[PDB]
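Shown next as structure tokens: one chain only, the form deposited in one PDB entry.
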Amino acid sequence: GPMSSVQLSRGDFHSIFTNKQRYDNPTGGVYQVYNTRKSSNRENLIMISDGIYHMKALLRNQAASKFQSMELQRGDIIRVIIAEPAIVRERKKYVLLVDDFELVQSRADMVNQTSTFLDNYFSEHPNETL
């Protein structure tokens, strides 16, 4: 059919934190907003999904202004444009720092949901990350 669902970058979160090349350029990923629940007005911490894992993303600078103005919510699909990963070694926490993104689709289908938290996957395989 022409109207197939928009494809998320499945496996990209795992690749960002295991592969040096992807870590160094973690842009172009297509993800779905998983959770937007509140606590900063110049920084929005949200949960995003790649279809397999969900992970924390901290929207800063123009991504923060855009998120707030667009009122992005669970189910919305975005494309990350400016980003850098963050590994909090002392707490075994993983965050994608997002400075810019684009809206791909608002209110997209979110069915047969099986994504698990990225940090928990790495807890099960401790020496896997970079």
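All residue numbers refer to positions in the sequence shown, first residue = 1.
One more form of this protein exists, namely the form deposited with a partner chain bound; it is left out here, but the text below deals with it.
Colleague: Pick from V95, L72, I52, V104: which residue has any heavy atom within 4.5 angstroms of its partner chain in the deposited bound form?
Modeller: Contact check passes for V95.
Colleague: Is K56 a contact residue for its partner chain in the deposited bound form, using a 4.5 Å heavy atom cut-off?
Modeller: Heavy-atom contact with its partner chain at 4.5 Å: present for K56.
Colleague: Would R79 show up as a contact with its partner chain in the deposited bound form if we use heavy atoms at 4.5 Å?
Modeller: Flag for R79 set to no.
Colleague: Is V30 a contact residue for its partner chain in the deposited bound form, using a 4.5 Å heavy atom cut-off?
Modeller: Judged by the heavy-atom cut-off of 4.5 Å, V30 is well away from its partner chain in the deposited bound form.
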